[PDB]
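Visitor: Take this structure, written in C-alpha cells, and hold onto it; I'll ask about it next.
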Amino acid sequence: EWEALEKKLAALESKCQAXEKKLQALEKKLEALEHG
Amino acid sequence: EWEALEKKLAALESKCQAXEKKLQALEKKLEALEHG
Amino acid sequence: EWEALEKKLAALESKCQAXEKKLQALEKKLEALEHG
Ligand code: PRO
Ligand code: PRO
Ligand SMILES: [Cl-]
Ligand SMILES: [Hg+2]
Ligand SMILES: [Zn+2]
Ligand SMILES: [Zn+2]
Ligand SMILES: [Zn+2]
C-alpha cells in the first residue's frame, strides 16, 4: 500500500512536469509573436 | 493520517487535470492571436 | 518514510499552485493583447 502511494505521487510529479514544459513552450511562442 | 493524505492527493490530481484544461484553452487563444 | 511521503506531497502541492500563478499571468497577457 505505501508503494502504491509512492507510485501515485511519482505519476503526479511526471504529469505536472510535462504541464510545466507545455507552459514553457506557450510562453516561448508568445514571446516570438510579440517580437515578430 | 492515511485518509487525510489520500484526500489531499485526490484534490491535487483534480487540480492538475483542471490545470491541463486551462493550458489547452490558452494554446487555442495564442493560435488565434497569431492567426489574426 | 511516512514523513518523506508527506514532504513529497506538500512539495507537489506547492509546485502545482506556483504553476497556476504562472498560467494566470499568461492568461492576463493573452486577454490584454486580444482586446487591446
Ligand atoms: O516592452 C518591451 O520591450 C516589448 C517590446 C515588444 C513588445 N514589448
Ligand atoms: O500589473 C500592474 O501593476 C498593472 C495593474 C493592472 C494592469 N497592470
Ligand atoms: Cl506586444
Ligand atoms: Hg500540477
Ligand atoms: Zn510496502
Ligand atoms: Zn496562424
Ligand atoms: Zn478575451
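Chain labels follow the order of the C-alpha cells: the first chain is A, the next B, and so on; residue numbering restarts at 1 in every chain, and ligands are counted from 1 in their shown order.
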Write out as a PyMOL selection string which residues come within 12 Å of residue 31 (chain A) when counting only C-alpha atoms, dropping same-chain ones fewer than 3 positions away.
Guide: (chain A and resi 24-28+34-36) or (chain B and resi 30+34) or (chain C and resi 26+29-30)
Visitor: For chain A, which residues have at least one atom within 7 Å of chain C, if we go by only C-alpha atoms? Write them as a PyMOL selection string, please.
Guide: chain A and resi 9+13+16+20
